[PDB]
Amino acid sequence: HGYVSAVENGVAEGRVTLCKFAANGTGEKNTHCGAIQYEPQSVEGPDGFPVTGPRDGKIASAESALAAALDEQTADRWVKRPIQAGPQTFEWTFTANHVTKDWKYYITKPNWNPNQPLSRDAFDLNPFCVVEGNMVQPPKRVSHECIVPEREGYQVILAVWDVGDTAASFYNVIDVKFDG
């Protein structure tokens, strides 16, 4: 169990994280998140994305029983955190630091549709960042150095934490705003 955070050097908090913890600087929170607001560490779903894993339109909720509101998608729906292309640090917090296979990060294609559900077609499915977990338990906070692709305006980053000893993964979408 865990979530994408910005407690130390993380560039941007996960969408679910902002349902419970206010954003750095602005103090913004995501609203109307439903039950997952009390358990942001619990966006757990089937592993194997994108070959299997959560179906289109259920990526942000990971098909979770508690997180269906995260699948809502409009250009105005979610708090957007500023980002720039190039090297950035992504950060996870683990309330339970399970044995880990890897972490993978995907970004929306340039002309993705912000008013349609998130789908495989919305994302560049070649991850822009992969961090090996080596099938061991990580520390309860990790920092990943990733090279963020060039984009303009609102984009969504999908951070996938694949747990090594279950058939599940944790899925945290991140709403980001590039210049323009």
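Heads up: residue numbers just count along the shown sequence, starting at 1.
Asks: What stretch has the higher average Cα B-factor here, 22-30 or 49-57?
Replies: Looking at the record's C-alpha B-factors, the answer is 22-30.
Asks: Hey, which bit's got the bigger mean C-alpha B factor in the entry, 133-141 or 118-126?
Replies: Per the PDB record, 133-141.
Asks: C-alpha B factor of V99, ranked within the chain: lowest, middle or highest third?
Replies: For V99, whose C-alpha B-factor we compare with every modelled residue in the chain, the answer is the highest third.
Asks: For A12, return the chain-relative third of its C-alpha B-factor as stated in the PDB record: lowest, middle or highest.
Replies: Middle third, going by the recorded CA B-factors of the chain.
Asks: Could you look up the Cα B-factor of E39 in the entry and say which third of the chain it sits in: lowest, middle or highest?
Replies: Middle third by C-alpha B-factor.
Asks: Against its chain's modelled residues, does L70's Cα B factor rank lowest, middle or highest third?
Replies: Ranked within chain, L70 CA B lands in the lowest tercile.
Asks: Based on the entry's values, in what third of the chain does the Cα temperature factor of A62 lie: lowest, middle or highest?
Replies: Answer is lowest: the recorded C-alpha B-factor places it there.
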